[PDB]
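J.: This structure is in structure tokens; I'll ask about it shortly.
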Amino acid sequence: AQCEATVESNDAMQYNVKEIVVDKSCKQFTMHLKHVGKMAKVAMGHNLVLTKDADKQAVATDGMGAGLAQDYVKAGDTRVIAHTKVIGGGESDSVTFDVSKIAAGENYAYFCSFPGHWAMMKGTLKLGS
Ligand SMILES: [Cu+]
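Using full-length UniProt numbering, you'd call the opening residue of the sequence shown number 1 and step up by one each time.
In structure tokens:
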């Protein structure tokens, strides 16, 4: 609703939403992430990272090497448009980004960069109204 969306992540390594459509009327957009499971962030942590589809694996790979304290996102990665912190069960986080950083027709992927999660936790985000 409005210029925001909510994605729930669980203990089975899955997002409940696979596609997010950003309305052209939005100048800013907010992504809310909820970890609805009961596992600790050291075993089943989740975040939400947004990049062009092409940059997915590269960003997830470098992110793994950043560590948990860095929310598994390489500090100052220019390929990441927006990202939340890594959360454990019973928690949540939000991230707001500039819609101008998004282009029509372009393909964007949101995924979890916690080690090994990217291969199963991913969705598509795009501008469209
Ligand atoms: Cu995850």
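By construction, the Cβ of each residue, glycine as well, lies at the ideal position given by its N, Cα and C atoms.
#1: Do you know how far the Cα of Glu-8 is from the Cα of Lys-56?
#2: Which residues have their C-beta within less than 5 Å of a heavy atom of ligand 1, listed in chain order?
#3: Would you mind sorting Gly-63 into buried or exposed? The rule is 16 or more other CB atoms within 10 Å of its CB.
#4: Would you grab the beta carbon distance between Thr-84 and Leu-125 for me? Rounded to a whole angstrom, and I think it's under 8 Å.
#5: For a minimum of 4 consecutive residues, which ranges assigned as the alpha helix (DSSP H) are wholly contained in the segment 38-123?
#6: Cβ atoms of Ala-109 and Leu-127: under 7 Å apart, would you say?
#7: Is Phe-29 near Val-22, with beta carbons less than 7 Å apart?
T.: According to the structure data:
#1: Counting from one through the sequence shown, the residue named residue 56 turns up at place 56. Counting from one through the sequence shown, the residue named residue 8 turns up at place 8. Their Cα atoms are separated by approximately 20 Å.
#2: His-46, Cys-112, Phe-114 and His-117
#3: Position 63 of the sequence shown, counted from the first residue, corresponds to residue 63. Classification for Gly-63: buried.
#4: Taking the first residue of the sequence shown as position 1, residue 84 is located at position 84. Taking the first residue of the sequence shown as position 1, residue 125 is located at position 125. So it is not a contact: roughly 14 Å between Cβ atoms.
#5: 41-44 and 56-64
#6: Taking the sequence shown and counting its residues from 1, the one referred to as residue 127 is at position 127. Taking the sequence shown and counting its residues from 1, the one referred to as residue 109 is at position 109. Contact flag unset, no.
#7: What you label residue 29 is simply residue 29 of the sequence shown in a count that begins at 1. What you label residue 22 is simply residue 22 of the sequence shown in a count that begins at 1. A contact, by the Cβ cut-off of 7 Å.
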